[PDB]
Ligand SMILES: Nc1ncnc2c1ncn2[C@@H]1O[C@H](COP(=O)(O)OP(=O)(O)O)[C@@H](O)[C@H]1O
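Encoded as structure tokens, the following chain is the form deposited without adenosine-5'-diphosphate, with no partner shown.
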């Protein structure tokens, strides 16, 4: 049993009635001396090290060749100047185990934390030495954390997190979808199955496609509209009491379905191909609030009768048992969507936070023509709320993060997924999120469920949106370009800014206002001026913000995950034969109260927090619900209906203690 494990385990040995929190600083020091330093490859100087790494195929050559060696040296020196030390065993362990470049035999460490950061910065900055230094400072201060794939792979010999694919209703489309999914998965891939014909309509349903996908599986998801005939077969794939193992599933729920469940009365689901034959459009592209009755009354449309209330009960029961399915409240997405003129949002991604327009492609045999629509891909990164607040750097961090995300989009080169390639170039979408909400709040004596916490989040995320929009317009001005069909968006018409020009979003509680001291809080006048700047120059990015789960990288950042409440004050996890303990970052004997566990919170107040944040996020927020086995099916439906009521866009995996 190594000494770092022994020391880490001492945290849980009570001394004077308390946990020994300070033992983890001893643990990480022992790991740092006797594992990290011990196993770091020796190089005589940086030049030899970089020549070795390029020559032996670890790093790409081109991005480094954009700089003089002396500039590369100064960038590296910038990273080391911080004197950064991981404050916990698990933060260091996660970096050095999952991200640090190792030799090909995997025995030795080629990168310090600082080395990965310097390489990432040099990659982002594209030959601009001063900007590379700004990127180093941003990352070494732990103000901004690029997503796992960017952070891991930048500089090494594509970096995009999420892919979302439309699938048209043919065998050749299905076959291409499988093929594309396989090639992109070597990323997370989510598929919309709502255009596929239901069981019986193939004269030679969707569960058959899910089976092929599940076997093919990176990680996969599939989404289906609640009105598709196959909805019950789709849900039954996740029955414990049954005979899809790996594939995640989401259900898309229009307001019309929620309404039909309120109006406790019979409802119908549809055979999509009969809709397509009859109307010449996919059911998935039609407005169900408008069309439902016409589908019911049309005799050339085939339907099945169901109890809508019992379907909603079954969703909640399945969620309680399996965690699945994810739910998208489609109208909560589209009533605030900037780009409905391109399309309505019809589905989401593996983690349920990506929410964008898409258009189905048509892949045909050798004798016909392919037609390339619009799939979705989004590269990601997260602000560290705590370090951003402490450095008073909301504006700088948002704008510089935005540049880094833009650089990754510009350098993305996707082959063999043509609607993905088309979408990246046309849409230019990015996904800036945030982490450490609960930890920041807790370390400042603010309970997650308090009105003060929501007040903070309201102001913080309004600021993120302001500076994100401002940077997007600045880039559009500098480049003389906007995203494809920007002119038809709510940014262009001005409608997007309605609430921001008429309503103030500065803190209503003085304790919260004091946290923002030293940073300018945008006012209605700043927003009026931003709206006019956007009117003149447009925006570069079709979408900008989304809050992903940040499960792995949050350890590297010593951050609470995403904007969620913490699940466990102290995580126990097994490490070979031993155990490891990870107290929540910042947890101390005297602030125990403020690190309240999510399972003990009122989920209605968690919903209020996420709704508050969501006002200022153009895409979505991966929103885990935290339940107890004592809750009734009715309690679960009530939480979900409240989420819907409060404008929540998606809910993710349901966790039961």
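Residue numbers count along the first chain shown, from 1.
Keep in mind the form solved in complex with adenosine-5'-diphosphate is missing from the figure; the text below concerns it.
S.K.: Is there a heavy atom of residue 84 no more than 4.5 Å from a heavy atom of adenosine-5'-diphosphate in the deposited bound form?
M.R.: Although adenosine-5'-diphosphate is absent here, residue 84 would touch it in the deposited bound form, with heavy atoms inside 4.5 Å.
S.K.: Can any non-hydrogen atom of residue 52 be found within 4.5 angstroms of adenosine-5'-diphosphate in the deposited bound form?
M.R.: Because no heavy atom of residue 52 falls inside 4.5 Å of adenosine-5'-diphosphate in the deposited bound form, the answer is no.
S.K.: Tell me, yes or no, whether residue 238 is in contact with adenosine-5'-diphosphate in the deposited bound form, where a contact means a heavy atom of each within 4.5 Å.
M.R.: Output for residue 238 is no: heavy atoms all beyond 4.5 Å of adenosine-5'-diphosphate.
S.K.: Would you classify residue 28 as touching adenosine-5'-diphosphate in the deposited bound form, given a 4.5 Å non-hydrogen atom cut-off?
M.R.: So residue 28 counts as contacting adenosine-5'-diphosphate.
S.K.: Have a look at 567-575, 85-93, 421-429, 536-544 and name the one stretch with heavy atoms inside 4.5 Å of adenosine-5'-diphosphate in the deposited bound form.
M.R.: Every other range fails; the passing one is 85-93.
S.K.: With adenosine-5'-diphosphate left out of view, choose which of 592, 58, 599, 32 has a non-hydrogen atom within 4.5 angstroms of it in the deposited bound form.
M.R.: For this set of options, the contacting one is 32.
S.K.: Which listed residue (454, 112, 407, 282) meets the criterion of a heavy atom within 4.5 Å of adenosine-5'-diphosphate in the deposited bound form?
M.R.: Residue within 4.5 Å of the partner: 112.
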